Amino acid sequence: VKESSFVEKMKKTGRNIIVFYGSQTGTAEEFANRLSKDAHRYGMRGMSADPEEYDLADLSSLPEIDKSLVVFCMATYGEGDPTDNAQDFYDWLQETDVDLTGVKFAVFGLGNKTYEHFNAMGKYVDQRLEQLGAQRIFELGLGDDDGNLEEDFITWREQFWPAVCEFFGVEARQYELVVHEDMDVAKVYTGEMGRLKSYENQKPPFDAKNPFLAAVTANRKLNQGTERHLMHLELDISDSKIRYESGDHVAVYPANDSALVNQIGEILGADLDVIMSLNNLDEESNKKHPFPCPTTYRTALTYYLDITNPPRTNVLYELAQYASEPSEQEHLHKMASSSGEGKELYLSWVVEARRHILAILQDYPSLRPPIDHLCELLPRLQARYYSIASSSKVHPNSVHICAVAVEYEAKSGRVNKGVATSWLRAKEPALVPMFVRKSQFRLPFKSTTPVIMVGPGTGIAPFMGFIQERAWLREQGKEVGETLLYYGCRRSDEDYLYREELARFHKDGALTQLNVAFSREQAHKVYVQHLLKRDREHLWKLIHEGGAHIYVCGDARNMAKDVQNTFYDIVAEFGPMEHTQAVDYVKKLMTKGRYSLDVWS
Ligand SMILES: Cc1cc2nc3c(=O)[nH]c(=O)nc-3n(C[C@H](O)[C@H](O)[C@H](O)COP(=O)(O)OP(=O)(O)OC[C@H]3O[C@@H](n4cnc5c(N)ncnc54)[C@H](O)[C@@H]3O)c2cc1C
Ligand SMILES: Cc1cc2nc3c(=O)[nH]c(=O)nc-3n(C[C@H](O)[C@H](O)[C@H](O)COP(=O)(O)O)c2cc1C
């Protein structure tokens, strides 16, 4: 059920600039919001909208508004596909014939070079609209998350507005605090995501808005060493009605470290246990609150807000008014610079030093902002995803998670800890709000199809699922093909994940070949690519004659692309080909669903 034409919403609300956002983990939204807040005191007036709830065909009616401009802040996910919320826009856009002549636009893509289809989504919207007759007002920004998406945006945004002012010639808070002294507690959100008492009155089906509360059945340390901590949790989804398959992902809604929460209240001299509400007061908007209200400051900072990731430019700039010392006040105002020492200090003192909000406050004694303004500026705490480590056919009422607990010492001088991983780490077998989202990472249909799994480190997660299901089919008497696991870890006795289980699978015929590279047991580093190169001739027979499927799960920055280069080589060698010939052959494998990835950062 979608909303009424945004064109009418604009005409009725006196706005001319509308900014849609294709976002998954809320970054494109954070930008869309900042951009539509720029116009407000730059001559014009805009609004950020979710394309998933509007009919984008109404773009043709956009030019009915004088000086109209539409901006798209799109993120690309997977294999250059759109984000969930931008899916319907994508497909409409893809095969529509609506003449958008008169429509003015500007697009900002959010991507990451470590992936192949860099800003594939952004580039599409940009090229497409123009083909439909619309005119580009400003060049397509191509932000890169590998470097610094924040600085790419600050830069584009810096040239965008001046361009919008020339063409159009104009030449030129967001929330209210309502403390609720008198109010029943059963009307206060205690950190569910959907409706009130949803974590209590649990009703299927469960999803992003209505996450199920699975209780931790098991939580064991897979880690045999001590240097790191790798864990294995078994979540119970007994009567959730939830359906999952090997290769699917499971999101989890974490809770900020309470200790960090109480300190923010302390240093800021704020009472956290204050039932309150931040009403968006532009009375005519469907975005009434920044996060579920009414609720306390404590509940907000703990389940709804992001208090760990380094702050972005806009929040540092707004809090600058709260610095009593001019010296510090100016540093906050300068970190917003797209160049110069202000830009230098941001990347060093914040991004690189991994200074979260609390740190900034401790390292800048002047900063004593109001907690309500802080809760407005702070981005929302997102859910972390984990490749399911079990098979629905052997564990239908349980979702297994394999994860390495993040924790390191930052240049800020403080020990930072992973939000979800610390959380999950402490979950003594204790509910966990989760949901499940389908992927394309799947085993082949014909059990006879051989599979080559390359998963070093925690990238073995989805493979425990594939292996359980692969052995299960063998119990059914079905004819299973070769199942090869190319795993990798540091030292045999430090972090060999599922050593015992894998061994059991190998001898039971389930796991055809258990190939493990121990990168630190010798002087030279042995990696899974070396084992791949070692078995090149056989690998080629499977890939070339058996129609084998390859699955590379894990690190996206290095491992994934290194493994690709090896397959390019194996191909270029066993079927006489020049380099370039082999790369197209391999990419053609990805086209037919023969080479599947499940990488991250
Ligand atoms: C599709 C998908 C599947 C995933 N599957 C798995 C999985 O199976 N197993 C698994 O463990 N993870 C997996 N992840 C990663 C997982 O979602 C989380 O990123 C991870 O669990 C850490 O989250 P966190 O909340 O603990 O840490 P956060 O609080 O989010 O902190 C993480 C951030 O800290 C920074 N960082 C980390 N170490 C350092 C350092 N030493 N120096 C500087 N900066 C640093 C980086 O910004 C990193 O993203 C997956 C991600 C995706 C997209
Ligand atoms: C699983 C995953 C897949 C991604 N796939 C791509 C991709 O195909 N191409 C690209 O340019 N960026 C890709 N990215 C990067 C995101 O687009 C980038 O982080 C962006 O800032 C996300 O914005 P959001 O927070 O609005 O989703 C991917 C990120 C993840 C985690």
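Side-chain atoms are counted along with the backbone in the values below, which use heavy atoms only and exclude waters and symmetry mates. Heads up: numbering here begins at 1 and tracks the sequence. Counting convention: from 1, in listed order, for ligands and their atoms alike.
Residue contacts with ligand 2: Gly78 is included, with a non-hydrogen atom under 4.0 Å away. Look at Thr83 and you'll find every heavy atom at least 4.0 Å from all atoms of ligand 2. Heavy-atom distances between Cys402 and ligand 1 reach below 4.0 Å in at least one pair. Ligand 2 lies within reach of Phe118, whose nearest heavy atom is under 4.0 Å from it.
Distance check on atom 11 (O) of ligand 1: some protein heavy atom falls below the 4.0 Å cut-off. Put simply, atom 48 (C) of ligand 1 has no protein non-hydrogen atoms near it, under 4.0 Å away. For atom 33 (C) of ligand 1, the nearest protein heavy atom lies 4.0 Å away or farther.
Each of the atoms 8 (O) of ligand 1 lies under 4.0 Å from some heavy atom of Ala461. Of all atoms in ligand 2, listed by their number and element, those nearer than 4.0 Å to a heavy atom of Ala28 are 26 (O). Those atoms of ligand 1 with a heavy atom of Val404 less than 4.0 angstrom away are 11 (O). Proximity to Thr421 (heavy-atom distance under 4.0 Å) selects the following atoms of ligand 1: 21 (O), 22 (C), 26 (O). Contact atoms of ligand 1 toward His249: 1 (C) (distance under 4.0 Å to a heavy atom of the residue). Which parts of ligand 1 touch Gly418 is read off a 4.0 Å heavy-atom cut-off, strictly below it: atoms 24 (P), 25 (O), 26 (O), 27 (O), 28 (P), 29 (O). With ligand atoms numbered from 1 in the order given, ligand 2 contributes 10 (C), 11 (O), 12 (N), 15 (C) to contacts under 4.0 Å with heavy atoms of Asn112. Of all the atoms in ligand 2, the ones that sit under 4.0 Å from a non-hydrogen atom of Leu149 are 21 (O). Interface atoms of ligand 2 facing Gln24, defined by a heavy-atom separation under 4.0 Å, are 24 (P), 26 (O), 27 (O). Near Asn119, meaning under 4.0 Å from one of its heavy atoms, ligand 2 places the atoms 10 (C), 11 (O). The ligand atoms of ligand 2 that sit less than 4.0 angstrom from a heavy atom of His117 are 9 (N), 10 (C), 11 (O). Heavy-atom contacts of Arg354 reach the following atoms of ligand 1: 35 (C), 43 (C), 44 (N), 47 (O) (cutoff under 4.0 Å). Those atoms of ligand 1 that come under 4.0 Å of a heavy atom in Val419, given as number and element, are 24 (P), 25 (O), 26 (O), 27 (O), 28 (P), 29 (O).
Between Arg490 and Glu227 there is no salt bridge, since none of the side-chain N atoms of the basic residue sits less than 4.0 Å from a carboxylate O of the acidic one. A salt bridge does not link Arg437 with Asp207: every distance from a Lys NZ or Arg NE/NH1/NH2 to an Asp or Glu carboxylate oxygen is 4.0 Å or more. Comment: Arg380 does not engage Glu29 in a salt bridge, judged by the lack of any side-chain N to carboxylate O separation of less than 4.0 angstrom. Contact check on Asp38 versus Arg157 returns a salt bridge, with a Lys/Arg side-chain nitrogen under 4.0 Å from an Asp/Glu carboxylate oxygen.
In terms of protein heavy atoms, atom 26 (O) of ligand 2 is closest to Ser23 OG, 2.7 Å. In terms of protein heavy-atom proximity, atom 20 (C) of ligand 2 is nearest to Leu110 CB, 3.8 Å.
Looking at ligand 1, you won't find any N or O of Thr308 less than 3.5 Å from one of its N or O atoms. On a distance-only criterion, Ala420 and ligand 1 share at least one N/O pair closer than 3.5 Å. Considering backbone and side-chain atoms alike, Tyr115 places every N or O at 3.5 Å or more from each N or O of ligand 2. Considering backbone and side-chain N/O atoms, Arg384 comes within less than 3.5 Å of an N/O atom of ligand 1. For the pair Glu29 and ligand 2, the shortest N or O to N or O distance does not fall below 3.5 Å. The shortest N or O to N or O distance between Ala403 and ligand 1 is not under 3.5 Å.
Contacts between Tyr386 and ligand 1, counted as non-hydrogen atom pairs separated by less than 4.0 Å, involve both the backbone and the side chain.
In this structure, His395 and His400 have tilted ring planes: the angle between them lies in the 30° to 60° band. Relative ring orientation between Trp156 and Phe108 is described as tilted, the plane-to-plane angle lying within the 30° to 60° band.
Comparing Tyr21, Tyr77, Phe31 against atom 30 (C) of ligand 2, the shortest heavy-atom distance belongs to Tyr77. Of the listed residues (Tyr408, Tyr385, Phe441, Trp423), the one carrying the non-hydrogen atom nearest atom 16 (C) of ligand 1 is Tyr385. When the options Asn85, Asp145, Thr25, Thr76 are ranked by their closest heavy atom to atom 13 (C) of ligand 2, first place goes to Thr76.
For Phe20 and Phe89, the gap between ring centers reaches or exceeds 6.0 Å. Between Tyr498 and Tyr487, a ring centre-to-centre spacing not shorter than 6.0 Å is recorded.
Closest approach of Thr302 to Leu381, counting heavy atoms only: O-CD2, 4.3 Å. Closest approach of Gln382 to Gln24, counting heavy atoms only: NE2-O, 4.5 Å. Nearest heavy-atom pair, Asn416 versus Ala410, reported as atom, atom and distance to 0.1 Å: OD1-CB, 3.7 Å.
A distance of 13.5 Å separates CZ in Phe6 from CG in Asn286, rounded to the nearest 0.5 Å.
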